[PDB]
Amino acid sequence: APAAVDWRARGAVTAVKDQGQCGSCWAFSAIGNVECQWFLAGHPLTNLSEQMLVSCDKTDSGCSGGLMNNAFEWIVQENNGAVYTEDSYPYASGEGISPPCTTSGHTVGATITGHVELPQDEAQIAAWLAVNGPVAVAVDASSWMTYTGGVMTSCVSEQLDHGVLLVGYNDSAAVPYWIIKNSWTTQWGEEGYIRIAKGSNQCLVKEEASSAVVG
């Protein structure tokens, strides 16, 4: 695989978002993945709707949490692959209350045909990401509360509790690392991103890795 990949440098990753006071991290992870996959299929980079998932995906629990794999399956099986634009279905749950699901009035921004669940293997995930783009991952982020920068090497790795987006890696660095897009504003971490060490299953990053499929 390439020594290092950074999909942000390639124009494939939208701005860092803010879930607000809502446990919708799973929807931010799934949507960020779709955004990147849609771009990488040759379409313009477009913000898509986390609210669609939070309000309408009843196999998940809105501001009380969810699974990115459930979100991808909902999009395909219950929403015929359609993912609405952010502009037409804007985020409204930042104070913890998700408005009721609505269908009419929204504009489809992207379409997916399925999703893949990747091996629980950091090298295989990296190699897949280099060719196929950013990957949704579940992590234990309990120990991320005071992170302000650097490569994390003792992430508490005990219980999957958060969903984020792998956007790159660097195997050439002194301490190889993953580059992760979080959804806690750009004031958190490294302009909204975190680097965790790569090779040691930091934060259980290998355990629940997946991606939408476009086309």
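Note that residue numbering begins at 1 and tracks the sequence as displayed. For clarity, a rigid core is taken as the largest C-alpha set superposing within 1.5 Å between two forms.
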For a rigid core alignment of each structure in 8 other deposited structures of this protein onto the shown form, which stretch has the higher root mean square Cα deviation: 27 to 35 or 154 to 162? 154 to 162
If you average the CA temperature factors as listed in the entry, which stretch comes out higher, 170 to 178 or 26 to 34? 170 to 178
Take the C-alpha B-factors listed in the entry for 138 to 146 and for 91 to 99, compute each mean, and give the stretch with the larger one. 91 to 99
Can you tell me which third, lowest, middle or highest, the CA B-factor of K17 falls into for its chain? middle
So, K58's CA B-factor, relative to its chain, sits in which third? The highest
By the recorded C-alpha temperature factor, relative to the other modelled residues in its chain, which third is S157 in? lowest
Within this chain's modelled residues, let me know which third the CA B factor of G163 belongs to: lowest, middle or highest. lowest
Please say which third, lowest, middle or highest, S64 falls into when its CA temperature factor is compared across its chain. middle
